[PDB]
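K.L.:
here is my input; please provide its structure:
(3 chains, ligands or ions: 7)
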Amino acid sequence: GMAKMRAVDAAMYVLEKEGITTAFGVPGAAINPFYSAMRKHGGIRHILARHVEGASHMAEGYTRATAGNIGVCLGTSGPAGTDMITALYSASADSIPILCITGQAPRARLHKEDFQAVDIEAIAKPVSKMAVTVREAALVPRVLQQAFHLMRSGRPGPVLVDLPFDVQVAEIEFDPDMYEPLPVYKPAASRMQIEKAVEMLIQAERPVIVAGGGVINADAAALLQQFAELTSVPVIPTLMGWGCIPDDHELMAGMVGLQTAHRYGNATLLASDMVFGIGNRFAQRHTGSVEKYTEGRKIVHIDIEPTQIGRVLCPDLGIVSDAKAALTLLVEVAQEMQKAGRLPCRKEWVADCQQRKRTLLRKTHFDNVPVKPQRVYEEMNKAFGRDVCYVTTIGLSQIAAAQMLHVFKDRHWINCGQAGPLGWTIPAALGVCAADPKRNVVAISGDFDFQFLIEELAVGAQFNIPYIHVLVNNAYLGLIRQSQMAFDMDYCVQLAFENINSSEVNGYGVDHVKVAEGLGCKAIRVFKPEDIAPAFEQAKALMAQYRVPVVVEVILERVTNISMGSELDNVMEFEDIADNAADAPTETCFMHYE
Amino acid sequence: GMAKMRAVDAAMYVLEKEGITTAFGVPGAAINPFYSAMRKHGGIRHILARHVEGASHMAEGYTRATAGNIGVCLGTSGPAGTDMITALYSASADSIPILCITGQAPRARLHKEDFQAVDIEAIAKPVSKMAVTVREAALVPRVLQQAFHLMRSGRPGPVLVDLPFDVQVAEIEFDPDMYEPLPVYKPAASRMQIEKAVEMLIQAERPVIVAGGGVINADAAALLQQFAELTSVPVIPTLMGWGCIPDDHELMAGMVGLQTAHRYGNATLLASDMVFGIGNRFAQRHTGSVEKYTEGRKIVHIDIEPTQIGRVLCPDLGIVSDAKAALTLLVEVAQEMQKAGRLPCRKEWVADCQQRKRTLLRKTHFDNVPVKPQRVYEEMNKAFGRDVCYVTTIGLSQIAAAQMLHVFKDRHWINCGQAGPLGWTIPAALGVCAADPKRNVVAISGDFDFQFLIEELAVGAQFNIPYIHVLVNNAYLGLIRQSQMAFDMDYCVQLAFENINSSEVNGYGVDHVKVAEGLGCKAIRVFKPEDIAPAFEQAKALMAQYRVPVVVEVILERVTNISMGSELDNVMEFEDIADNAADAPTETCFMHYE
Amino acid sequence: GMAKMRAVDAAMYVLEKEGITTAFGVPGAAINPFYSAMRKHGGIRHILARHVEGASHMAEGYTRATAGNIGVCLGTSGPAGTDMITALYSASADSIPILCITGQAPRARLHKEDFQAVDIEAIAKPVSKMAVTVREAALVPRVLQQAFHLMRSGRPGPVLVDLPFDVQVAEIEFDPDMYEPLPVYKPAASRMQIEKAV
Ligand SMILES: Cc1cc2nc3c(=O)[nH]c(=O)nc-3n(C[C@H](O)[C@H](O)[C@H](O)COP(=O)(O)OP(=O)(O)OC[C@H]3O[C@@H](n4cnc5c(N)ncnc54)[C@H](O)[C@@H]3O)c2cc1C
Ligand SMILES: Cc1cc2nc3c(=O)[nH]c(=O)nc-3n(C[C@H](O)[C@H](O)[C@H](O)COP(=O)(O)OP(=O)(O)OC[C@H]3O[C@@H](n4cnc5c(N)ncnc54)[C@H](O)[C@@H]3O)c2cc1C
Ligand SMILES: Cc1ncc(C[n+]2csc(CCOP(=O)(O)OP(=O)(O)O)c2C)c(N)n1
Ligand SMILES: Cc1ncc(C[n+]2csc(CCOP(=O)(O)OP(=O)(O)O)c2C)c(N)n1
Ligand SMILES: [Mg+2]
Ligand SMILES: [Mg+2]
Ligand SMILES: [Mg+2]
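P.N.:
Numbering: from 1, shown residues only, chains lettered A, B, ... in the order given. Ligands and ions are numbered 1, 2, ... in the order given. See below for the structure:
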């Protein structure tokens, strides 16, 4: 029971009681007492990153992989905390938690100019639900107790706890048997709110549900699908809701937006007369101008956060609720409406949505050499199973991937959708693998994203954390090249050079095979479209054999303009469209997934 | 003269008038108008980094290389700004400027949740002299005008300017011929202050001058040396003042502190009866406990910043002044004192200091296999000329380097002494090379520091920026291993693994030769001490031939405890000491440098 | 000559050298050492206000009356500083200085919920050129030295100096004869600009 221990020893018991089994980090002198307590305690597995930013994005990937996870990022004082700000921003932006823990100078030296001492509390305040320097050893367990409440309650977000060295080593009395986690706060919609929403949905003649990341955050994907099935209402996931209904479900109507969207999704949204928003937030890249998005449509919005409702557009209804609590009541009310005979038949509207989904396509089956990126995504759909879990960040690589890959379960699209920090992909993929060693993790990066935190591949090598990384290499910051076309320039976006050690990369610059191999991983380079599928098969074998990351680099044509625009009705199609399966053979209408 | 132009076009004229010729950065959609103006203007050379943190440390290295330089770091909105915080902290901590410029969401969308939009103003406020989102196009030139005043005035520090997209493209009227930089504010010591300081120095019987980074910041190294020569007072540079008097000067008495210090330096400081501090700040790693540092000594402190004086200890005098203004007056007063016959002879004290410097040494000439790191620094002193410019960050690599390398001019030790962010070394070295293509740049890293931002080697390859990188590889976070000895543990600090592609690294993990070569550079691995010198000679040839970075990796013994302690009188010597040149042959007393 | 004295005694010499002769205030337990030093030094005339906001606006009027004047407003910890915010805003907004000085809890107790202790540094930062809690006794003269530079230089504005009780009473070595005010920073137009304007 009660015993004297260091405050960091009490912290290890609190982390255990809060479900922590894993931590990613980089030790240093100011956080050694915490590492010492973690060693003494056992049962937190620590993964040593090769950049503090890598540890912080591994924590994000760990959080995102499985409902209830909270990835932990550990670091020393000074520059370690400033290397975590980008991940705190990314987690805050997507409403997900990570717990960052930093060492700090001793309490009495906080305003001297101690070596590597920085006011991380002030720096991290704008990108966290709480950032606190702990000022008493006895408060260490209580600050952690509050941190877990905040990371799980309301709109989730990250916390940073900063630990002065003397506060860590100071002796307190603590009884782990008496520690209890705080209750989680989640508001819930009343029956009066939900009956009104269902009445409005029954009155609409061409409704769609927009299912956002809040549905996945609430672990409510099955309920979201059940509610759509009972009401026969087509579903448009946001990028952050993608996966909460399977892509081959008859009611999955595609995605909507300016970039990561389908031609059928935008066409269905523009044809609809109501948007029933559940756990979304009507993001600018999803809506375009709100005036066009809302034109002729009633808008319902269910959100756990009151100040998200009406922030970018005014809903017709507006309900504060956790998405699971709300969907539980929505299913119950829809079932009462079904027994009463009050749910309208929607065969015509569902048929119109399905015809758009069958005809408004984009070509992927390109035989071109050098390779066209859209062909890579076709081969990925064929090579990987229905249970594949994609991890990606930003770029033409990621945008075309969201346009052309397919996903069939929640938390199988892992993507920092609001912040998009380059270098996220490798560490995030490692964090997903650490959360679930049985997950079939496949990452997608362009060359520039792959280079930012390329050294993290050695983390997968040292710890034998296997996954497949698809690397689509155009020797370009391709998205920035495309956005520069409006300035009639192509400027500071090229990465090519004649590699003095590798004439075989043909002026593409970095030799990613040699780099990945030096970092202890396996790698395959593909120049021809027909060699992609065999490369994915060899990569699976190399993964099983060596249990390390395997990089499949596809050499792309330098310049491909991916479809995008400034409004839902203005997306330009630069590359070939398709209206037939032969040009787009991995649409779920045409292909059975696993 | 007067003409209508975009506010970013006016910004290009302001940067030109402020002396900017170089920028390091990563473009993105929100900062494209600025890149468009930079292309149209010409005459800023842009270097494309492969991590935004790399661009920001290149800017730091560019600033530090040459008095009057201001390195510029450019990036897009969102995660680009959060990737700059570590460099803003490092520059602030060392009192040097960089100018960070970020794109931002349009003014009217700042409080929506725009894609990749973050409150960088609030995040960067604690680590900058000014961080401002510019709210009017006409203010863009005025905010830059104020930024340059702040970066050069008082205690120098960095500025971040955040540019909403609509503010960048908006039309203003601007006349470059009428633009003038603001005057720089620097307080100057009065003759009454300086005569009092010289009186106190004349009264001391065993004085030392502690010459800090403020002397180099003020570009006053020649005056600092002249004042010491006229008064015959031995000089102890801080780590940040190192180089402001040559290491082979008869009055250079070594360095003082807990880690980057000499046995003779600490012994001389403890034997002295006055510390005449010029442009230093009495840092904790320099003093140990202030009670022991100041015991029996009068303390003078000249600093440009009033609130640095008395922050960590109370000086006997205390003078607010720019170091150049102060040293100009100190030389004049010392010359008047010399003509009056009032400067005491100091032959005995100078002789006592020189005898300590001849006898209180540490061994470097080790024949051990695997290699002992102290032998690497001996070979570097022999291989490189007197004009070598070292760039380094933190680790046992850097601490023993400061103990054992020698430097002979100001701004030939380039080191982020207060913040020490890992990954600093490669980008900082590239920034020094960009500032001065004729500089003989040699970097020193341990393996972990080298890995953080290893991809920046491809920046040197793509742009042909040559320098030599000495990489001392112990497959350890060696400094953290050593600091863990107090916790009787060795935990989460090892980087070794059996590399499945390279049995020749013998379980050391990452193959840095293969990685550096894939990134387009040249690399040599050394296992035996006698092969170091020939490797440095081949590296010079490869550099001249290919004009890319050349990495010389020395495989170290896994475990070496570098000398350090908690007080000046308590530094533990784990490895062999020396009292003879044969064991320490590159001390300047024994070796003529170039 | 140099002498041992409390930091608040050294503060009185700095104020005298910077031309202060008048102060408006309301004493309290946390600022008593400053009042004790003011009494011992003499030659600052103190006007006792009947509201801390009254003292703060007296300081504004004193500044505005005569070029070079800097009104000084004194108060205790806690609510006294929050009562000065409206004047700090009013002074900032018109580009004129006042010097506010508040007492504060001892450094060791700044994050305990000590009686009448508030984070005035954070509250006043938006409406001052500087608002600082002084962390070392030796810094009191240097913080005041910088404050007078800021109040006179560039666009003028007010400063709040927040003084922990232990910092006020701690002894320091200070030589009033060696203190000198900092130079004032004022940019000047060149002839090229004035000729263009004419
Ligand atoms: C290059 C690029 C292109 C993109 N293109 C598009 C595009 O075309 N279309 C598109 O839609 N997106 C696109 N995205 C992603 C986009 O930026 C947003 O991240 C995304 O649209 C947000 O989805 P969401 O509305 O579900 O919001 P989320 O960020 O997932 O958050 C929605 C809401 O969930 C709420 N919430 C949290 N927990 C709960 C809970 N338990 N119960 C209920 N509510 C809860 C939060 O309060 C929040 O308001 C793109 C991203 C990138 C990087
Ligand atoms: C692992 C490690 C070990 C280290 N070990 C030691 C050690 O043993 N000993 C040691 O000394 N350092 C050591 N350092 C470096 C140490 O942390 C400090 O960076 C260093 O001591 C500061 O030197 P300085 O006092 O010259 O301060 P600086 O940071 O260089 O600043 C000194 C002052 O210069 C002033 N100033 C700025 N511009 C001007 C101007 N124009 N005129 C006048 N003043 C001006 C500033 O206001 C500031 O107060 C170590 C660093 C690391 C990473
Ligand atoms: C830290 C950071 N800096 C800048 C950006 C802006 N950005 C978005 S995509 C992109 C280029 C992506 O290049 P690559 O990963 O090669 O992908 P491609 O578009 O070529 O497929 C950049 C610089 C960002 N997201 N994060
Ligand atoms: C971002 C960051 N995280 C952590 C640290 C703490 N730190 C200082 S030295 C060190 C290990 C250095 O290892 P390496 O570069 O291999 O050098 P070695 O000490 O082994 O010579 C670490 C982690 C830091 N300085 N910066
Ligand atoms: Mg990197
Ligand atoms: Mg690319
Ligand atoms: Mg090492």
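K.L.:
which SSE is residue A:331 in?
P.N.:
Taking DSSP states H and E as the criterion, residue A:331 maps to helix A:323-339.
K.L.:
touching ligand 1 at all, that helix?
P.N.:
Yes. Contact check for helix A:323-339 against ligand 1, using Cβ under 6 Å from any ligand atom: residues in range are residue A:323. (Each C-beta comes from the backbone N, C-alpha and C, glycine too.)
K.L.:
which parts of that helix are buried?
P.N.:
By neighbour count, with 16 or more other Cβ atoms under 10 Å in any protein chain shown as the criterion, the buried positions of helix A:323-339 are A:323-331, A:333-334, A:337.
K.L.:
partner strands of the helix or strand encompassing residue A:47 and their direction?
P.N.:
Element membership of residue A:47, judged by DSSP H and E, is strand A:45-48. Neighbouring strands of strand A:45-48 in its sheet, by DSSP bridges, are strand A:22-25 (parallel).
K.L.:
so does the strand it pairs with get close to ligand 4?
P.N.:
No. Where contact is defined by Cβ under 6 Å from any ligand atom, no part of strand A:22-25 touches ligand 4; the two come within 9.4 Å at best.
K.L.:
with only the CA atoms kept, save that strand in PDB.
P.N.:
Output of strand A:22-25 as PDB, limited to C-alpha atoms (Å, rounded to 0.1, in the frame of the first residue of the first chain):
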ATOM      1  CA  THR A  22       4.300   1.900 -24.500                       C
ATOM      2  CA  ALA A  23       6.400   5.000 -24.700                       C
ATOM      3  CA  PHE A  24       8.500   6.600 -27.500                       C
ATOM      4  CA  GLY A  25      11.300   8.900 -26.600                       C
END
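K.L.:
after that strand, which helix or strand is next?
P.N.:
Of the helices and strands lying after strand A:22-25 in sequence (DSSP H and E), the nearest is helix A:32-41.
K.L.:
may I have that next one exported as CSV, CA atoms only?
P.N.:
Presented in CSV, the C-alpha positions along helix A:32-41 are these (Å, rounded to 0.1, in the frame of the first residue of the first chain):
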residue,chain,number,x,y,z
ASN,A,32,17.0,10.5,-16.4
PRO,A,33,15.1,10.1,-13.1
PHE,A,34,11.9,9.3,-15.1
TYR,A,35,13.8,6.8,-17.2
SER,A,36,15.2,5.3,-14.0
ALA,A,37,11.7,4.9,-12.6
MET,A,38,10.5,3.4,-15.9
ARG,A,39,13.3,0.8,-15.8
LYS,A,40,12.5,0.0,-12.2
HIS,A,41,8.8,-0.4,-12.9
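K.L.:
contacts for it next, please.
P.N.:
Judged by Cβ atoms under 8 Å, 6 or more residues apart in numbering or on different chains, the contacts made with helix A:32-41 from elsewhere in the structure are A:6, A:8-9, A:11-13, A:16, A:23, A:27, A:44, A:46, A:74, A:101, A:103, A:163, A:165, A:168-169, B:480, B:483-484, B:486-487, B:489, B:491-492.
K.L.:
which ones among these lie within helices?
P.N.:
The helices in this structure, assigned by DSSP state H, contain A:8-9, A:11-13, A:16, A:165, A:168-169, B:480, B:483-484 from these.
K.L.:
mind picking the two most distant members of those residues?
P.N.:
A:16 and B:483 (26.0 Å; Cβ to Cβ).
K.L.:
the stretch 301-450 of chain A: strands as residue ranges?
P.N.:
Taking DSSP state E, counting those that start in this stretch to define them, one finds strands in the stretch 301-450 of chain A at A:319-320, A:361-362, A:388-392, A:413-415, A:440-446.
K.L.:
does the strand holding residue A:47 reach ligand 7?
P.N.:
No. Using Cβ under 5 Å from the ion, strand A:45-48 never reaches ligand 7; the gap is at least 12.5 Å.
K.L.:
how close does residue A:344 sit to ligand 1?
P.N.:
The span separating residue A:344 from ligand 1 equals 27 Å under the rule Cβ to the nearest ligand atom, to the nearest Å.
K.L.:
report the contact partners of that residue.
P.N.:
Under the criterion of Cβ under 8 Å, 6+ apart, the neighbours of residue A:344 are A:202, A:205.
K.L.:
quick one, phi/psi of it?
P.N.:
Main-chain dihedrals, residue A:344, degrees, to the nearest 10: phi -70, psi 150.
K.L.:
for ligand 3, what are the nearby residues on chain A?
P.N.:
Neighbours of ligand 3 within chain A, by Cβ under 6 Å from any ligand atom: A:394-397, A:420-422, A:445-449, A:474, A:476-480.
K.L.:
which residue lies nearest the spatial centre of chain A?
P.N.:
In chain A, the centroid-proximal residue (Cα atoms, centre = their mean) is residue A:415; its distance is 2.8 Å.
K.L.:
now the buried residues of helix A:323-339 in a markdown table, with distance to residue A:512?
P.N.:
Putting those into a markdown table (distance: Cβ to Cβ, whole Å) gives the following:
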| residue | distance to residue A:512 |
| --- | --- |
| A:323 | 40 |
| A:324 | 42 |
| A:325 | 47 |
| A:326 | 46 |
| A:327 | 44 |
| A:328 | 48 |
| A:329 | 51 |
| A:330 | 48 |
| A:331 | 48 |
| A:333 | 54 |
| A:334 | 51 |
| A:337 | 56 |
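K.L.:
quick one: which of the residues you listed is nearest chain B?
P.N.:
Using Cβ to the nearest Cβ, residue A:323 is the member of those that lies nearest chain B, at 18.1 Å.
K.L.:
that closest one touches residue A:215, doesn't it?
P.N.:
Yes. In this structure residue A:323 lies within contact range of residue A:215 using Cβ atoms under 8 Å: 4.8 Å.
K.L.:
joint contacts of those two?
P.N.:
For the pair residue A:323 and residue A:215, residues contacting each of them under the criterion Cβ under 8 Å, 6+ apart are A:224, A:278-279.
K.L.:
which SS state does residue A:299 fall under?
P.N.:
strand (DSSP: H, G, I helix; E, B strand; the rest coil).
K.L.:
so what's the residue count around it?
P.N.:
Burial of residue A:299, expressed as a neighbour count using other Cβ atoms under 10 Å in any protein chain shown, amounts to 20.
K.L.:
residue contacts, the residue in the stretch 301-450 of chain A positioned nearest to ligand 3?
P.N.:
Evaluated by Cβ to the nearest ligand atom, the stretch 301-450 of chain A has residue A:446 as its residue closest to ligand 3, separated by 2.3 Å. By Cβ under 8 Å, 6+ apart, residue A:446 lies in contact with A:395-398, A:471-474, A:477-478.
K.L.:
recalculate using a threshold of 10 Å.
P.N.:
Applying Cβ atoms under 10 Å, 6 or more residues apart in numbering or on different chains, one finds that residue A:446 lies in contact with A:373, A:392-398, A:401, A:422, A:425, A:471-479, A:495, A:556.
K.L.:
and if you look at residue A:305?
P.N.:
So, once contact is read as Cβ under 10 Å, 6+ apart, residue A:305 ends up touching A:95, A:154-156, A:187, A:214, A:281, A:311, A:320.
K.L.:
torsion angles phi and psi at the closest residue to ligand 5 within the stretch 1-150 of chain A?
P.N.:
When you check the stretch 1-150 of chain A against ligand 5 by Cβ to the ion, the closest residue turns out to be residue A:51, at 5.6 Å. Dihedral angles phi and psi of residue A:51 (degrees, to the nearest 10) take the values phi -160, psi 140.
K.L.:
find the nearest non-adjacent residue to it, please.
P.N.:
The spatially closest residue to residue A:51, leaving aside those adjacent along the chain, is residue B:452, at 4.8 Å (Cβ to Cβ, 6 or more residues apart in numbering or on different chains).
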